[PDB]
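J.: The data below comprise the sequence and an experimental structure of the protein.
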Amino acid sequence: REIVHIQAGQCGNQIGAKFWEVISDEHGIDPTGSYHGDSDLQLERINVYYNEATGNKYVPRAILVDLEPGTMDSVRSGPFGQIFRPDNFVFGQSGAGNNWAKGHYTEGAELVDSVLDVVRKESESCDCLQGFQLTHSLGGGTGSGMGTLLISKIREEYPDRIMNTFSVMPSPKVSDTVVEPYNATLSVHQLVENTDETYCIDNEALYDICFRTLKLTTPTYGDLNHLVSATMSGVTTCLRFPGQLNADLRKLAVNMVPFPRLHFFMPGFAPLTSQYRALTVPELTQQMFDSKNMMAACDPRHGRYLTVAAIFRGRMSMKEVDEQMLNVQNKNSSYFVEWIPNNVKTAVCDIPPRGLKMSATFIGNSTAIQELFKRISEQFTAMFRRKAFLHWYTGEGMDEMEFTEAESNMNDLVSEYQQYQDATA
Amino acid sequence: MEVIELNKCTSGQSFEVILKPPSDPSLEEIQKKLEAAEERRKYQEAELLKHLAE
Amino acid sequence: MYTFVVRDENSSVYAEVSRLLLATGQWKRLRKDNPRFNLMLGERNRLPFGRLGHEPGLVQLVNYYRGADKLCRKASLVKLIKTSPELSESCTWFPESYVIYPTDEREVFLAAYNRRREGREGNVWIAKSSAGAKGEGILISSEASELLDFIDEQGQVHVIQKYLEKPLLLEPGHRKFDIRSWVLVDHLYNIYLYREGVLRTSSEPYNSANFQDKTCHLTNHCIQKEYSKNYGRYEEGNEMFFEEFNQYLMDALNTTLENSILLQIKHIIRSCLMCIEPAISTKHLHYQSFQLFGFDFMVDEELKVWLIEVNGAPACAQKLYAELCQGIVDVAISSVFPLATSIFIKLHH
Amino acid sequence: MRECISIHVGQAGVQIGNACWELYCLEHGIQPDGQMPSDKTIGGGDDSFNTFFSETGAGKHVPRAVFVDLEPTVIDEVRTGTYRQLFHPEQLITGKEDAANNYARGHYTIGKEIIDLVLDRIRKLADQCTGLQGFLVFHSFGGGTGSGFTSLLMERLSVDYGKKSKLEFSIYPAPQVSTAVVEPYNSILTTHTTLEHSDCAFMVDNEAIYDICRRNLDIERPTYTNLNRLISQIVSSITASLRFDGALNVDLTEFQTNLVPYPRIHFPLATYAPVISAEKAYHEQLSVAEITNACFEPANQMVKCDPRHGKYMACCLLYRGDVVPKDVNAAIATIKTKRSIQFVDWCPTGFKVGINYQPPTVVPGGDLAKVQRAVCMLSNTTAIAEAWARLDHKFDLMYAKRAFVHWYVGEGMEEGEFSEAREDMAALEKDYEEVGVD
Ligand SMILES: Nc1nc2c(ncn2[C@@H]2O[C@H](COP(=O)(O)OP(=O)(O)OP(=O)(O)O)[C@@H](O)[C@H]2O)c(=O)[nH]1
Ligand SMILES: Nc1ncnc2c1ncn2[C@@H]1O[C@H](COP(=O)(O)OP(=O)(O)CP(=O)(O)O)[C@@H](O)[C@H]1O
Ligand SMILES: Nc1nc2c(ncn2[C@@H]2O[C@H](COP(=O)(O)OP(=O)(O)O)[C@@H](O)[C@H]2O)c(=O)[nH]1
Ligand SMILES: COc1cccc(-c2cc(NCc3ccc4c(c3)OCO4)nc(N)n2)c1
Ligand SMILES: [Ca+2]
Ligand SMILES: [Ca+2]
Ligand SMILES: [Ca+2]
Ligand SMILES: [Ca+2]
Ligand SMILES: [Mg+2]
Ligand SMILES: [Mg+2]
Ligand SMILES: [Mg+2]
């Protein structure tokens, strides 16, 4: 059951690279693609993310996309740069200048076809294609504009395959341009319609974590990507490593998404790292449920959990996890919907991430995620009620009403989230 | 409390003890409803592919 | 901390139990239908017993015993007594009683009726139900057929019980009374009797020939507080507690409350509750139960105690709500969910 | 002699089937190669063990079994396993992608593309049956294949084999060992469409097996392996009368006759004792009366309920190993005196009993200790309706908000099959109450 990975834009490609650095090290594959590990468990589910090639080498099933060559020259340059099949580097030259319209309608359309040609050639070589995953930001132009364009094109060719994304949200605390709320609102509406799971990675939270708790005075995009790569690995371990779970992308979607449009998860991780003291299991669980470990800058206690999933990595007492997980639920049982019985599910995998003997990844589907969309929505209107900076978009063909609709669709989404937050049995 | 119908053999025995006495659809209409849900699916996929064409 | 829910809002007793548990600082109340609870204080009818004990990692406890209705509903009460060898046709503390349907005991009843008509015995009788609240649907005749047609007057079942002609009557007043005792059975089937009881007085003087009188005979708290002038003269609320009844018996009859009556009360309590112990005990079950019962007795003039009924959803006397509700927590609840002398007489078995 | 064919569906059905057939071989002296030294009728016969095994000219003894999953990961472990030689490839059927815990995906979408094939591989086994009895179908309530495809199969076996009996072994869902929250949906839909196609079903609440494994084997967190080897012991004692010389329940027809007066109410409660750990080096072996009275402790039941607050319709006792009729009556007499065992008035208050002298066989290296005598009791009590109530409630809660329904509609189902199926168990829940309260 193979997965096809796509990374688009600067952010999309640099978190994407760190992801492949991390898991490639976990499965024991070196920067050349040659496996040199200690366990057979490292390779049993290696076909999920790796094509096996001539001469015992493993090449990620990954497609690298950008509308300018800048950072993908840097990817090819980086630690694991030469791991990727070079045919899968697909890029234009003009760049998208942080413009959703350029990525989705003009500059991106010129190149989208070339990308899906590589998609098809990875799919055709797939025993049974399970689904796609994308890494990208929503505040730029390529990852946002083109990224959502490819997703729409992939749903057209593969209408019955799962499409999940890792999506970086823009926050003023970590801002490139002022038009980010425009690009993110236009993308969210695309994600509402054509993705099964979207992991909301808020750059605000990633900043707060890096500065408040990790106590790093001036966080870099690198320091924020360490948190993303560790979470992306933690999430993907249900499939990357053999539990006695029969984990399937579709199956996991079915068990966490009670309503089609409400598929935006809050990620989390513990322990938060940048030390040697072994961390108790009771400490792992109380951290992952604390908002300070949330990658989405929302308080879980102003909403209610629709579904939850917790992944524990390491050698630990599966009886102590069951004990303390069922303990936290009652410290917070007011914050779990009562009309979805047994909506907190736990998984364990023996192999831990490199550097820590014990880790936990938190995947929450909370109605408190609306706080994120409300935040983006206010920044959006603040400028749109004055048509500020619209000329950058209307010059590429868009009309104001496409903006009005996109705004309306997410104000709808926020309303849908609060329907189920007040709802009771 | 009666014992009755005691049958035995080399593998075992059996009996009954009483303590007190007392006081389908077709083939064609299945594979039609399998087909009635196949078209409900192709109609939903058409409305999507129509939506994407818009 | 511990978790509990409340599904009987009109319950006077467990109202303060819930409030007293909240003041613990170690108990958290949840919404009526959240399933992740350690304790349920459930509705009186159709309590979903089958839904309990299936929540992983949560020991659940409930304030009612599935099957206890066979003791707390007068029709099955009678059936339990005459059908069970442990109690038997041969039961000296329960009045002669018959269940009659408007399985049926219609002519086994008149059989015993004219054997008394014959011999000039007291052919006193009364018919009853658990359906009629507020002393409704009662009928104390001396001839048999006047009630049988008042029985099938209505469409539900009524038991016919020998009425006690010679009750013991306190003085001053020549008044009748009944005794309510509160017994709590915890999860290990320990039988705890509350040391405090109540005499639910009648303030009328008793009149043999005049069974016309609604209030000359019937003693429960509402029929003398809204049907009788004399409510409150001799004692506050037509309620005499155990210290006064003891001293009165001492001064008046040269005996004790323990000796003359309480020994028989403790005998009847434990005889009834262990007759059914096999059918309701939650010893090895996935959920556990406790339940507070109200036992109602009557005393005839020979200082013999008779059992009149057992109530499953009982109300306390307002002076003791504090002491009783606190005892429930210590024994029935925190016994299972521990925290950071005794008011009960243990009836051993 | 009349043959019976077992069908194992989905992960739970397949893995359990693997555990049962393992035990059957140890019991009948069959080896992992299909060779039965003690069988002297080479390449043929009509013994009672031949009801579950066929024979080849080369002396191979082959289960009359069929495995079927919509994804190959689990049946692949059978094709590489210790008993790989036992089965032949046409009996093991695999799709490529599963039903993702979606009844609609298992029944409608992926179902129809594989239903004809399965039935073809089923008939390749019935064609070698001189006088076929029927089928024993293993499956979970919660899986999308286990629930969805089984109900489709059971529908067309009732037409392609209208006169043959069909018994179910069903795994009722428990959250302690399950990672899926839509299992209440799948169980309701499959029970509703399967109900008038199954003659008798034994349902096993994983919750009960779990706690039995924890209490009486002191395994802190049981695995599926722990659960299945215990489950197959129960299943083994239930089918032993078909595989061994005897006079009781020698035919799948007798199961409905002895245990099922009303057809809808065909879910007998199974209780089993004793369960003893193999780490308890040695143990004070329990009498007949001790194990027989253990059959009325809810803590040994396959579904947690309270049979004191229901009424019985039928009761079998299947002792294994070393028991004599007179020690049973001794026990039965003592139990009536101390237990609340009320029958429906329109049925006798009696116990059909069966004894086979071979003690329970147990897997070498398993977690279960060898015992001198064991019993499995089959009670058709109305108290099992508690399990339906629990399930139906969890269904009411989510469906009132239509949670997860879009997943089923997207695979072709209609929202009405939900309430149509829920209405059925509304009748089933009340059918039970009519029969067992006053
Ligand atoms: N007793 C027991 N239960 C199992 C076993 N495997 C899965 N289950 C239970 O069955 C449910 C999952 O259903 P599965 O059988 O795995 O699903 P399936 O039949 O393969 O159908 P799919 O949804 O397509 O995978 C969970 O509730 C488990 O508790 C097993 O080996 N033994
Ligand atoms: N056999 C009998 N002889 C004399 N008096 C009797 C009697 N049976 C009942 N009574 C009288 O009837 C009165 C109340 O009857 P009963 O208690 O059974 O109704 P009830 O259950 O609706 C009130 P509660 O629920 O508060 O206990 C008693 O106080 C008692 O004095
Ligand atoms: N976490 C993270 N976010 C980034 C990174 N680079 C850009 N972003 C985010 O995306 C915005 C810039 O968008 P960008 O990725 O350059 O868009 P694109 O390259 O044109 O597709 C800012 O709001 C950043 O927060 C990165 O390396 N890490
Ligand atoms: C690109 O997108 C991906 C890629 C890889 C994995 C996931 C993923 C993981 C996950 N883990 C929790 C979890 C839930 C239910 C479970 C469980 C584990 O084990 C059994 O039942 N949940 C979901 N919804 N998606 C998403
Ligand atoms: Ca151009
Ligand atoms: Ca092209
Ligand atoms: Ca032979
Ligand atoms: Ca049939
Ligand atoms: Mg940039
Ligand atoms: Mg009453
Ligand atoms: Mg499966």
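T.: Okay, I see it. Residues are numbered from 1 along each chain as shown, chains lettered A, B, ... in the order given. Ligands and ions are numbered 1, 2, ... in the order given.
J.: going forward, measure contacts and count neighbours with C-alpha atoms only.
T.: OK.
J.: and residue B:6, which of the three is it?
T.: strand (DSSP: H, G, I helix; E, B strand; the rest coil).
J.: Enumerate every residue touching residue C:331.
T.: Residues near residue C:331 by CA atoms under 8 Å, 6 or more residues apart in numbering or on different chains: residue C:186.
J.: ah, wrong one, I meant residue C:33
T.: By CA under 8 Å, 6+ apart, the neighbours of residue C:33 are A:425, C:5.
J.: Helix, strand or coil: sort out it for me.
T.: Applying three-state DSSP: residue C:33 is coil.
J.: ranges for the helices of chain C?
T.: Along chain C, counting by DSSP state H, helices occupy C:12-22, C:69-72, C:74-83, C:106-118, C:145-151, C:221-225, C:242-253, C:257, C:263-275, C:277-280, C:321-328.
J.: Tabulate those in TSV, adding columns for mean neighbour count and distance to residue C:93.
T.: Below are the helices of chain C laid out as TSV (neighbours: other CA atoms under 10 Å in any protein chain shown; distance: least, CA to CA, whole Å):
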stretch	mean neighbour count	distance to residue C:93
helix C:12-22	17	29
helix C:69-72	18	15
helix C:74-83	18	11
helix C:106-118	14	18
helix C:145-151	15	24
helix C:221-225	18	24
helix C:242-253	14	21
helix C:257	16	17
helix C:263-275	17	8
helix C:277-280	16	20
helix C:321-328	18	27
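J.: Ok, which of these comes nearest residue D:329?
T.: Smallest distance to residue D:329 across those (CA to CA): 21.3 Å, for helix C:277-280.
J.: Which residues does the closest one contact?
T.: By CA under 8 Å, 6+ apart, helix C:277-280 touches C:65, C:66, C:67, C:68, C:189, D:308, D:338, D:339, D:340.
J.: Now with 6 Å, please.
T.: With CA atoms under 6 Å, 6 or more residues apart in numbering or on different chains as the contact definition, helix C:277-280 has outside contacts at residue C:67.
J.: For it, what is the distance to the chain centroid?
T.: Mean C-alpha position of helix C:277-280 versus that of the full chain (CA atoms, centre = their mean, to the nearest Å) differs by 19 Å.
J.: can you check stretch A:343-357 too?
T.: With CA atoms, centre = their mean, you get 18 Å for stretch A:343-357.
J.: One more: stretch C:236-253?
T.: The answer for stretch C:236-253 is 21 Å, by CA atoms, centre = their mean.
J.: Let me know whether that stretch sits next to ligand 2.
T.: No. Using CA under 6 Å from any ligand atom, stretch C:236-253 never reaches ligand 2; the gap is at least 11.9 Å.
J.: on that earlier part again, out of the helices of chain C, flag the one nearest residue D:176.
T.: Of the helices of chain C, the one closest to residue D:176 (CA to CA) turns out to be helix C:277-280, at 27.6 Å.
J.: okay, the helices of chain C in TSV with distance to ligand 4 next?
T.: Converted to TSV, the helices of chain C look like this (distance: least, CA to the nearest ligand atom, whole Å):
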stretch	distance to ligand 4
helix C:12-22	36
helix C:69-72	43
helix C:74-83	50
helix C:106-118	64
helix C:145-151	62
helix C:221-225	59
helix C:242-253	62
helix C:257	66
helix C:263-275	48
helix C:277-280	39
helix C:321-328	42
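J.: Just the terminal-to-terminal distance for stretch C:227-247.
T.: This stretch, stretch C:227-247, spans 29 Å end to end (CA to CA, to the nearest Å).
J.: again, but for stretch C:234-253
T.: End-to-end distance (CA to CA), stretch C:234-253: 19 Å.
J.: What lies in contact with it?
T.: C:198, C:199, C:200, C:201, C:232, C:255, C:256, C:257.
J.: What of stretch D:60-80?
T.: Under CA under 6 Å, 6+ apart, the answer for stretch D:60-80 is D:5-10, D:34-35, D:52-55, D:86, D:91-98.
J.: Sitting in helices, which of those do you find?
T.: Filtering the contacts of stretch D:60-80 for helices - DSSP H - leaves residue D:10.
J.: Please indicate which of the contacts of stretch D:60-80 are buried?
T.: Listed as buried from those are D:5-10, D:34-35, D:52-55, D:86, D:91-94, D:97-98; burial here means 16 or more other CA atoms under 10 Å in any protein chain shown.
J.: Point to the residue nearest the middle of chain D.
T.: residue D:169 (2.3 Å; CA atoms, centre = their mean).
J.: Tell me the secondary structure of the closest residue to chain C within chain B, please.
T.: Across chain B, the shortest distance to chain C (CA to the nearest CA) belongs to residue B:23, at 12.1 Å. Classification of residue B:23 by three-state DSSP places it in coil.
J.: how much space between the residue nearest to it when sequence neighbours are not counted and ligand 4?
T.: In this structure, residue B:23 finds its nearest non-sequential neighbour in residue D:345, 4.8 Å apart by CA to CA, 6 or more residues apart in numbering or on different chains. Applying CA to the nearest ligand atom, to the nearest Å, the value for residue D:345 to ligand 4 is 47 Å.
J.: ok, now residue D:266?
T.: Counting by CA to the nearest ligand atom, the gap from residue D:266 to ligand 4 is 32 Å.
J.: Same question for residue C:349.
T.: In terms of CA to the nearest ligand atom, residue C:349 sits 50 Å off from ligand 4.
J.: okay, now that residue: neighbour count?
T.: 9 (other CA atoms under 10 Å in any protein chain shown).
J.: how about the strand or helix carrying residue D:14, does it reach ligand 1?
T.: Assigned by DSSP states H and E, residue D:14 belongs to helix D:10-28. Yes. Helix D:10-28 lies within reach of ligand 1 by CA under 6 Å from any ligand atom, at D:10, D:11, D:12, D:15, D:16.
J.: Is it possible to mark the buried ones in those residues?
T.: D:10, D:11, D:12, D:15, D:16.
J.: nearest to chain C, of these?
T.: residue D:12 (21.1 Å).
J.: quick one: contacts for that closest one?
T.: residue D:140.
J.: how close does it get to residue D:89?
T.: 20 Å.
J.: Could you chop the chain up by domain?
T.: With no chain named, the answer covers chain A. A:1-258, A:259-368, A:369-425 (curated CATH domains).
J.: please go with chain C instead
T.: C:2-62, C:68-72+C:168-347.
J.: is it possible to export those domains to a markdown table including distance to residue D:319?
T.: Output for the domains of chain C, formatted as a markdown table (distance: least, CA to CA, whole Å):
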| stretch | distance to residue D:319 |
| --- | --- |
| domain C:2-62 | 30 |
| domain C:68-72+C:168-347 | 24 |
